[PDB]
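Here the structure comes first, spelled out in structure tokens, and everything after it is commentary.
First the proteins, then the strands, lettered A, B, ... as listed; each starts at 1. Only this structure's heavy atoms are used, side chains among them; waters, hydrogens and symmetry mates stay out.
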Amino acid sequence: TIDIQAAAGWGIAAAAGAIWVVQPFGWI
Amino acid sequence: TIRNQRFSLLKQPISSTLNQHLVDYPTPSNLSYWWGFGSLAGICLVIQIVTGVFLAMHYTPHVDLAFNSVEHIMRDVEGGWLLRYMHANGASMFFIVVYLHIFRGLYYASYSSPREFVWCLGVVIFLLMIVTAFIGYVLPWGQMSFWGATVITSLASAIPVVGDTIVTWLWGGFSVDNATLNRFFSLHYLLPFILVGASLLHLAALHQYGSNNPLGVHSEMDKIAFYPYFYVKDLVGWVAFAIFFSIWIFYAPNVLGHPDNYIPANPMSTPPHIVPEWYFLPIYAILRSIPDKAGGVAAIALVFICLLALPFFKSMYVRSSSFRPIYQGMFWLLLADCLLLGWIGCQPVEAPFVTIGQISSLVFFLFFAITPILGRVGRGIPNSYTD
Amino acid sequence: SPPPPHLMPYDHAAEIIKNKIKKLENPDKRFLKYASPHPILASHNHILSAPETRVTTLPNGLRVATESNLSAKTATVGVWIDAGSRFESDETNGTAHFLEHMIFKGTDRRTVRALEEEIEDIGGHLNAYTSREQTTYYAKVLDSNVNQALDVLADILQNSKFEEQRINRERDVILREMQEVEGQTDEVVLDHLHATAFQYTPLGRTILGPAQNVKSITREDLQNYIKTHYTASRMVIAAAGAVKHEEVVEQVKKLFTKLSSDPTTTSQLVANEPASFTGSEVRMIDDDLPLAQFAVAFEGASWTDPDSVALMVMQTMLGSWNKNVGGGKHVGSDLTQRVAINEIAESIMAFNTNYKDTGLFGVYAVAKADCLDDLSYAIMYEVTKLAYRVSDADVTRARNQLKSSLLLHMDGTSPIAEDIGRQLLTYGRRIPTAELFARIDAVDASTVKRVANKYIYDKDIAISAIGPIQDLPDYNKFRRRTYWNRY
Amino acid sequence: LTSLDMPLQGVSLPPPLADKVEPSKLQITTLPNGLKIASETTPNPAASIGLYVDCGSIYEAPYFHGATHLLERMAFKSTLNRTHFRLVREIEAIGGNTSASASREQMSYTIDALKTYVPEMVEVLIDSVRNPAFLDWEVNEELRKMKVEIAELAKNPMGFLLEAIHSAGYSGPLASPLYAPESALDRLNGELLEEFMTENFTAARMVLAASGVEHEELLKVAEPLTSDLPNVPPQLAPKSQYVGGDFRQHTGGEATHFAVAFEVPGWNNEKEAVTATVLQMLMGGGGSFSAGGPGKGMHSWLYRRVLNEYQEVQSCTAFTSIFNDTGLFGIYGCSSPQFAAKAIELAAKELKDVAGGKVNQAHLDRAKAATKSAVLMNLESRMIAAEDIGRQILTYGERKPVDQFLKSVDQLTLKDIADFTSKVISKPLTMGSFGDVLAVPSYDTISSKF
Amino acid sequence: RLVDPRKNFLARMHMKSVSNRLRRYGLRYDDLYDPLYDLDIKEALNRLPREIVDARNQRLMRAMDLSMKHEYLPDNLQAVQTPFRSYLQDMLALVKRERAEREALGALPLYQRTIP
Ligand SMILES: CCCCCCCCCCCCCCCCCC(=O)O[C@@H](COC(=O)CCCCCCCCCCCCCCC)COP(=O)(O)OC[C@H](O)CO
Ligand code: HEM
Ligand code: HEM
Ligand SMILES: COC1=C(OC)C(=O)C(C/C=C(\C)CC/C=C(/C)CC/C=C(\C)CC/C=C(\C)CCC=C(C)C)=C(C)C1=O
Ligand SMILES: COC1=C(OC)C(=O)C(C/C=C(\C)CC/C=C(\C)CC/C=C(\C)CC/C=C(/C)CCC=C(C)C)=C(C)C1=O
Ligand SMILES: [Zn+2]
């Protein structure tokens, strides 16, 4: 039951990286 | 062992070549920061290619539009000023790094056996770099560009019978004009890729035997993997180079250049002072030290002839200047002489600089004339210095 | 017309192999009734019955522990002492081993020949073993000679002579032993592992000691050692087999009268000179040895730490194997499977060493030079996997194997007496089998993951290697392979 | 949880065993096909179950050279009902351990586990010996690991010499090697193993001995799996003749070795077996390569003479290998490559010395006590108990009590030791040397010493 | 099943066409199974007796020689060919069964394919 937690962690990482490259604060 | 199962992904066929050439390659543990400059030159080449690909999206290779297209890159495209300052000063960084590289090789006698092919490929690479940077400097179509292109294409006229036909074939006409600029653009896109291939061949030749070291001795007893040790050392070098390059880009973007190239090319008037980029100045000085067309071109060719013949001189069996006091001193004299030739190239052709240039050119050739004598004589050192 | 399928030689061989395969295709169910390849946790506290272990404390703190089997014809009686090289000093280091050599060298009543003649006249055996934290002297005798063996042990412990000529002869025996530290490379590798892992602590010293110490050994040194360490509260007299608790207690009360009674106590000694782990390595490169041997270890657990049981389960999970084992490719241990399937070692062995305040948990391997890189990758992978992925089947199988080995190795009077003495020294009590089994079955997959994350994950390691080890990965590569960056 | 120095709370403690437990009695049930099942109930929670077969290398002649040791390596592999992988997994599920041993006249297959797993143990053991699949790849793998097991043989001088003098001491079946040559293995295969095993593995030649199980359960599980086996009439083991012989492999270098052996009575003849064992204890000795632990034989004639009167000796002791109708008593030795003649002189002189009567009563009582304590102590182990039951029921069918052996040991006088040693060395000797044999004397010169 | 030649005539035409195409080259259908396609085939081939594998290899060499020469077997040789006489399928199925048994009990694979 650790692969699901790894997937969630890496999904959070991917989201953080997305908001960081494109920085869509003027669109949200 | 029998490879029934999969071990490290690094040792799988997908990754094995990269692993053995880049992660696990045995490297002498005592390499200094002077072994960081090959990777620095590699990074400079990638920087030039990336910035030049993006700049070619906005540059127009036409005599009626080239200067204006540069200015439009500087003023109109967002981050254009950065892309241009990065390409123009990255050429200078490339040449600084490659010069430091060549002088490490000269100080440690890295050209000696069994690494002669490495040195010869490096000489070919240096020629490619010179041609690439020159034809790139023609592209803005300023005064410097036009007049430098004029003289370099004219160099072919030193050949007695077919020299004029070669000059007119290079131009594409009876003068430097739009045909010259357009063909120089194509060559400028092409030559960087040949440079990449030549650099890969250079690296493969070097990994035939591995790197030389600051002691100049056999190093098989104390080698360590490239990753991570020399990875992190080269990273220190990469960050320091980034600081240096950033200082040039953001605070002194035009100090390594001449204001004449901000004037559009005028085929009527030659500027009172006409010089190439700084990294070509020593060759300029050697050229002008000969009071003869053919003599000057022949001296320019003899420079690279001497560089190519250096590894094949019968020498002593001692590499590093760390154990060769006479060769070490001759090294520091050659470095001073090269710096003097560069400074002289920037001066007008008049007294006292003609004599100084002539003597400096003589000293430069004396280095390559004297090294074989040093090797032949020093062959007798172990028989004359007894314990 | 084509040939019939037995004319050509290759067709006939194909028919034979096909017939054998069809024979295997249909199993017989009478032989498939009871055994299962799936491990099940079983509770069998009925068969777990054992004779009572009686523990009596004398007024001076001496403990007498007996396990009676009056149907036995033999017995094992001995003394287990909370003493060893760890409790010496730097200048006294090696004294315990010298005493082990000197203890059967004669007393006031008995000379060397008398002592040997008395023992081997009854067919007995006398054994002396010293380690870092434990020392034991015991006798294996017939049931009749229990009192005689106890008298022999009490005499040698209390009334040894230590003649100067005997001391000088043993001095050269031990000096030659130090000069001949070879041929037992496992022991050498573990000594160097202890020396680097427990650097600048009493636990890092060897049992043998330095040559200058053995050269400097005199009578008063040995007498002072016995006075300092062989005290009533640090000694356990253990007997197993055909022995009655009451007779042994009476004999011990009669014979063990002139002990030391020094106030020095082992807990304080461990407290003021504690043992700590230092991540480090020693590489003894010798390219003339045909095989490489190395050990990789983490800091483990002490005897009384509850995690020690989980570390035993984990050691069983890693397992041990050598090239003469028939079925290494099929065992539950993934590390053993990798090693046996790819032929990448001569031997592999996981160890779990416990001490009073620390421990060592690691793997010892013997392999050829060209197998070392893959072997190290496999060892690190399977050890680090314990912090991430543990299947219920693997931990269940390991629990079953550990319980089985603990009960099966306990056969004979000597192993039982050793178990009694060791447990009384390390735990203060003999842990009954039912409690030990209950502690073992409390180790589930989540427990193994928690313990591995405490002891193995992103942790410093100690390495000791000898032989053609130029292709053994360096300390940074072993240290990187203690965590997985995909999690 | 709690520290291990504090008892765990809430644990169900089973009642303790009595300090005096009445020993159980061996029950021997014979099946109509001739298979004998024996067991003894034991108080400890461990069960040892074995199958013992009166097959060995004395049946390989002439066309099965190497079959016995290959069968030893092929034990507990793939059956017709279970794959090797499944069988290893079933053994490990219950925390069991397997073992197989091959000898000149006996083979055994044993499994050890907690006594609650007896049905699984019995089922796995019979499937293994009755239904070998003998898959070609498994046989080939066990044959590669047989080459190593035979090449590393030169690293054990005692074992190498022991086999070599078995070869050089007999002529018939007993002379067949127990470690076949490499040429003899390129012929062995699965079909050969099946043909050999089917011929020799019969019910009337096999005993199921189980130490630590109730006989009812063992019968309930084992009867339905062995009765099918047909009745095969009892043949006779072949005869071997003891002769003289010399074994010599001049390898050169250093560290010579030797073994001088003589013939002694077999396991049949139950007063002289003992005389051989007590003789072996009397000569005694030690490996001389390691020390530690008094009472292991440091004050026997061999030790006290050689290792305490002549230095530069690397090994010296005595050995014994008794079969059903014959045996081998001998003395080992290492010495030094040029000291070899003196070493053989010393050994021969020691045999002659005990032959004449130069041994006093103190040494006789010492060796007698050593014999009795060695036999009584070796029965501490459950494994040895089970193996002894199996071997004795195979050989005698009775499991004679140890008390009879103890009286024979304590009925030995000096006159017996003297007449037996005189008889033993009046017959041809078997000489074996290994290492640098150039300086080692001839067979005739050593034979003339006795 | 529809792939049964006795029950379905379309499968009969399919089997006849495959047999005729195999017979032109002297190839068995099991000869088309390549060790490089899967590690299960490689293992099954390694478990086969040597003479069978040598016969397979000889048939493969003969077929390659015919194909390179743009030739078929002579009709006299074609008459004796047994295109659907099997030597591999039973061993392949046994290897697959052993593989599945290993997977079900949580054991590591006995062999794995290299990542290209
Ligand atoms: C670009 C080309 C230039 C052309 C130059 C024109 C022709 C000149 C060619 C000669 C080169 C000039 C520089 C030679 C002198 C270098 C300085 C030197 O070597 O002095 C050493 C002093 O010792 C000498 O070497 C003096 C030797 C004089 C020459 C004797 C010649 C006989 C040897 C012939 C051997 C030939 C091969 C030698 C290989 C090294 C340094 O001593 P040290 O560094 O070990 O320590 C002292 C210092 O205080 C602390 O650093
Ligand atoms: C394929 C890669 C490359 C492309 C597509 C490229 C493209 C260009 C373009 C479009 C220009 C004209 C715009 C301008 O002046 O800024 C230019 C100028 C130049 N390029 Fe490149 N280039 C490449 C690689 C290189 C390399 C490797 C060097 C150095 C060896 C170099 C040196 C120069 C120089 C010196 C100039 C004149 C810069 C100035 O004063 O403005 N380029 N390049
Ligand atoms: C684009 C230009 C170049 C690139 C990317 C490049 C790349 C490299 C690299 C990565 C190395 C190994 C690491 C190091 O020693 O720094 C190396 C070594 C070397 N290079 Fe180059 N190089 C270039 C130009 C040259 C030139 C112009 C020469 C000489 C005329 C040369 C001669 C050598 C030699 C002799 C070595 C061996 C160094 C040793 O073993 O000590 N290279 N090069
Ligand atoms: C005042 O004077 C001067 C300048 O001015 C300001 C200069 O800048 C320079 C700088 C020039 C140097 C150092 C040398 C340049 C060297 C070469 C070789 C460039 C010549 C190459 C050219 C023009 C392009 C190559 C053409 C090709 C390959 C044709 C393609 C054909 C086919 C693919 C078939 C110097 C010396 C000079 O004194
Ligand atoms: C032990 O070995 C190693 C060294 O010590 C000898 C090194 O010095 C270096 C650094 C050397 C390099 C790569 C510099 C050479 C210069 C080159 C080739 C510049 C051109 C760069 C490109 C485009 C890379 C070409 C390669 C490929 C496969 C193309 C695809 C890749 C990209 C698009 C980036 C590395 C990484 C190394 O480990
Ligand atoms: Zn010792």
Side-chain angles (χ1 to χ4, degrees), chain C residues 20-21 23-40 319 321 324-333 336-337 340-341 393-394 396-397 400-401 404, chain D residues 47-51 70-101 107-114 117-139 141-142 145 190 193-194 197 201 208 221-222 225-226, chain E residues 47 94-95 97-108 110:
Chain C
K20 210 205 187 339
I21 277 193
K23 203 170 281 304
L24 312 168
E25 280 266 29
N26 319 89
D28 184 25
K29 281 196 334 158
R30 305 189 297 163
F31 293 93
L32 291 187
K33 158 156 39 207
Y34 304 109
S36 171
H38 308 272
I40 279 63
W321 171 96
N324 325 320
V325 161
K329 297 181 197 241
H330 306 317
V331 301
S333 158
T336 301
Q337 274 179 91
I341 281 155
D394 280 323
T396 307
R397 184 193 300 107
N400 286 353
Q401 281 178 303
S404 209
Chain D
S48 198
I49 300 166
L51 211 83
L70 197 47
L71 262 162
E72 183 300 305
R73 319 274 289 131
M74 271 297 309
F76 298 109
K77 303 274 172 288
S78 298
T79 83
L80 294 172
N81 313 145
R82 51 178 37 98
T83 69
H84 187 198
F85 169 74
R86 183 186 164 88
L87 179 71
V88 175
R89 283 300 164 108
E90 308 158 295
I91 294 320
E92 284 186 78
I94 60 135
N97 323 279
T98 53
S99 78
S101 52
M107 293 183 284
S108 64
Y109 305 88
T110 64
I111 180 180
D112 302 77
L114 301 160
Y117 298 118
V118 160
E120 293 104 311
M121 305 159 75
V122 184
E123 165 174 301
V124 146
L125 184 66
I126 294 150
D127 195 11
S128 298
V129 170
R130 277 239 303 186
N131 315 313
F134 287 135
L135 306 176
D136 293 338
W137 41 104
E138 294 190 350
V139 179
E141 165 67 13
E142 281 322 280
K145 303 175 60 162
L193 292 188
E194 183 178 2
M197 212 181 187
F201 273 59
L208 179 70
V221 173
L225 289 181
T226 47
Chain E
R47 280 179 199 188
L94 176 74
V95 157
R97 242 138 45 220
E98 277 173 17
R99 185 81 173 181
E101 169 191 62
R102 279 192 88 80
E103 281 275 356
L105 283 177
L108 294 176
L110 286 179

Return the minimal non-hydrogen interatomic distance between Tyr109(D) and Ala75(D), and the atom names on each side. CE2-CB, 3.5 Å

Ignoring hydrogens and angles, tell me if any N or O in the side chain of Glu120(D) forms a donor-acceptor pair with the backbone of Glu90(D) under 3.5 Å. no

Hey, are the side chains of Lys77(D) and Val139(D) touching, using non-hydrogen atoms and a 4.5 Å cut-off? no

Identify the heavy atoms of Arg73(D) and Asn324(C) that sit nearest to each other, and give their distance. NH1-O, 4.3 Å

Output for pair (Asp127(D) CG, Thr79(D) OG1), nearest 0.5 Å, gives 3.5 Å

Walk me through it: do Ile94(D) and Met121(D) pass the test side-chain contact (heavy atoms from CB on, under 4.5 Å)? CA-CA 9 Å; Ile94(D) 60 135; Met121(D) 305 159 75; 4.1 Å; yes

Quick one: does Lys145(D)'s side chain have a donor or acceptor within less than 3.5 Å of a partner on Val325(C)'s backbone? yes

Applying side-chain contact (heavy atoms from CB on, under 4.5 Å) to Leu24(C) and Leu135(D), what does each step give before you reach the verdict? CA-CA 10 Å; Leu24(C) 312 168; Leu135(D) 306 176; 3.7 Å; yes

Does some side-chain heavy atom of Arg89(D) sit less than 4.5 Å from a side-chain heavy atom of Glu101(E)? no

Hydrogens and angles aside, do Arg86(D) and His330(C) bring a side-chain donor and acceptor to less than 3.5 Å of each other? no

So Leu208(D) and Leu125(D), do their side chains get closer than 4.5 Å, heavy atoms only? yes

Side chains of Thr98(D) and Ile91(D), heavy atoms from C-beta outward: is any pair under 4.5 Å? yes

Might you work through the side-chain contact (heavy atoms from CB on, under 4.5 Å) test for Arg102(E) and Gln337(C), ending with a clear yes or no? CA-CA 12 Å; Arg102(E) 279 192 88 80; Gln337(C) 274 179 91; 3.1 Å; yes

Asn400(C) to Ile40(C) - nearest heavy-atom pair and separation: ND2-O, 3.0 Å

If every non-hydrogen atom of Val122(D) is compared with every non-hydrogen atom of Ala222(D), which pair is closest and at what distance? CG1-CB, 3.8 Å

Just jot down the salt bridge (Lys or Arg N to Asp or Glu O under 4.0 Å) partners of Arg47(E), sequence neighbours excluded, or say none. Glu43(E), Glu98(E)

Smallest separation among heavy atoms of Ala113(D) and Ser404(C), with atom names: CA-OG, 4.4 Å

Quiz item: cation-pi between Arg82(D) and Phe31(C), 6.0 Å / 45°: no

With a 4.5 Å cut-off on side-chain heavy atoms, are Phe85(D) and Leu105(E) touching? yes

Do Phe134(D) and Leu71(D) have side-chain heavy atoms sitting under 4.5 Å apart? yes

Would you call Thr396(C) and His38(C) a side-chain contact if the rule is heavy atoms closer than 4.5 Å? no

Point-to-point distance, once rounded to the nearest 0.5 Å, from CG of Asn81(D) to NZ of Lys33(C): 12.5 Å

Tell me the closest heavy-atom pair linking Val88(D) and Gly327(C), and the distance in Å. CG1-O, 4.1 Å

With a 4.5 Å heavy-atom cut-off, do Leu193(D) and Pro132(D) have their side chains touching? no

Candidate pair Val331(C) and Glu92(D), rule side-chain contact (heavy atoms from CB on, under 4.5 Å), full reasoning: CA-CA 7 Å; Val331(C) 301; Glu92(D) 284 186 78; 3.2 Å; yes

When you measure from the side chain of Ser78(D) to the backbone of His84(D), do you find a donor-acceptor pair of N or O atoms at a distance under 3.5 Å? yes

